[PDB]
Amino acid sequence: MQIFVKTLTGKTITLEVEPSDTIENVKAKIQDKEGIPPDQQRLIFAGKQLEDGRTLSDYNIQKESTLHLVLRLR
């Protein structure tokens, strides 16, 4: 399915994913487009911080829905 990842910098990217994809897996695809290391990414959906080892289906993330990407640096 297609999902969207919003950076609060203003911009958005599309991602191509499966419901069984892990957040880890999503982070890797974000790094491929944005260059941000996975341990400096945090993803937010429906007011929850998403865990690395869990899947999109675990969080009821559906086609054309949107995740929010936040930086955790120092």
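We number each residue from 1, going along the chain as drawn.
The deposited model was determined using X-ray crystallography, 1.9 Å.
Keep in mind that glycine also has a Cβ here, set from the backbone N, Cα and C atoms.
If you check Swiss-Prot, you get these features:
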| type | residues | note |
| --- | --- | --- |
| CROSSLNK | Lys6 | ubiquitin cross-link |
| CROSSLNK | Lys11 | ubiquitin cross-link |
| CROSSLNK | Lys27 | ubiquitin cross-link |
| CROSSLNK | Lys29 | ubiquitin cross-link |
| CROSSLNK | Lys33 | ubiquitin cross-link |
| CROSSLNK | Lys48 | ubiquitin cross-link |
| CROSSLNK | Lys63 | ubiquitin cross-link |
| MOD_RES | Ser65 | phosphoserine |
| MOD_RES | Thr66 | (Microbial infection) ADP-ribosylthreonine |
| SITE | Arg54 | site 'Interacts with activating enzyme' |
| SITE | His68 | site 'Essential for function' |
| SITE | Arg72 | site 'Interacts with activating enzyme' |
For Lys33 (ubiquitin cross-link), name the DSSP secondary structure in the helix/strand/coil scheme.
helix
What count of other C-beta atoms do you get within 10 angstroms of the C-beta of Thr66 ((Microbial infection) ADP-ribosylthreonine), across all chains shown?
12
Quick one: give me the count of other CB atoms within 10 A of the CB of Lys27 (ubiquitin cross-link).
23
I want to verify one value. Collapsing DSSP to three states, which class is the residue listed as 'phosphoserine'?
coil
Using a 10 Å cut-off on CB atoms, tell me which of the recorded positions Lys29, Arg54, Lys63, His68 is the least crowded.
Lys63
Between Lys6 (ubiquitin cross-link) and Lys63 (ubiquitin cross-link), the C-alpha gap once rounded to whole angstrom:
15
